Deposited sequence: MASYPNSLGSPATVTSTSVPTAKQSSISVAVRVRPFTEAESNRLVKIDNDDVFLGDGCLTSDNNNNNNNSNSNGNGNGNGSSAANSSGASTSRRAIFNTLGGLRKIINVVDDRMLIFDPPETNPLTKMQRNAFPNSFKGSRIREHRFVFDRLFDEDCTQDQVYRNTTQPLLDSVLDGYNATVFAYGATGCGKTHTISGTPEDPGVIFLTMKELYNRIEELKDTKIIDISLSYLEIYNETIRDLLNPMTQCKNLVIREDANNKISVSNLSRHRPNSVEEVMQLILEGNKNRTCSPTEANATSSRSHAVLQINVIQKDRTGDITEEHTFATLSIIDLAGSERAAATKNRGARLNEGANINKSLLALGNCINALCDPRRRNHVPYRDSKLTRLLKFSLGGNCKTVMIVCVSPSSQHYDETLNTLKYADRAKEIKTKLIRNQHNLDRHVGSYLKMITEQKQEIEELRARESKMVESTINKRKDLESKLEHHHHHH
């Protein structure tokens, strides 16, 4: 029908240091496991190897040593191939949400991806190629400017993080996690308490706030990367609005735009250090599983009787920011190099759980 929860998957382009280092075998190595067939259809680990017949004959009932098939057919609500730039990604993914946020209903964006996948490029980007966040908030401020007449709008920015099932205000540190408690107001609004709500007046102020918040994010060394993040960062923009010259009254309408940068799944990778690292990884994996279960239950019409919102703090915080009323989009960023092969598959599987489209 419509199924408001939508999945858009973006394939990173090969870096210059990647192609020359890897493409030698084609003329690690450049297998290019990801291959886009259509805007809703891709292949993972295809039989694109040219000298494959000599063993594909053995794959038949002649010699049972390579009969395993890893060619995976994947179907998603939207795809972005190597040549896709940022502008049309912003148009297809987050631009319609700006209507809903201004219509009265909330909106939600997730950003998921493993290490070396290009998530930071997509959400943040560079000063010359701004990411999705900058474009979205710039368009929001623009639409405020056009709608300045006959309607007054206020913007409230908050930015928190979830870490080991505890909440931390990024913009107001040295606050006890016990103070930041999730509630449920009678008007179906979550509004976690004791958050330093800021009223930026321009997109530049929003980006500055995002930078100071990222400065306080929880990261750790001694992994595949020395800054891979260990927590789910949630940025909420409350758009309040009321009529200027019309029915001037205390009543008003307000909505929320949520943007969630998710920490990738963890496999320990024999971290002899372990220690907190294990607990952090376990909590991250449990939160990801809870979010996946919530999304799958929302997309499934049979299990709509109960959705496990209470399983994790992240799911509880977005109790009224995932359902049919709210618009949810999910940006899954994957890399085409074999160096991250298994990781990419895991990421793709996490994208598949949202809607099991078996009828390709």
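Participant: What stretches of this chain's deposited sequence are missing C-alpha coordinates?
Facilitator: Unobserved in coordinates, per deposited numbering: 1-22, 50-100, 434-491.
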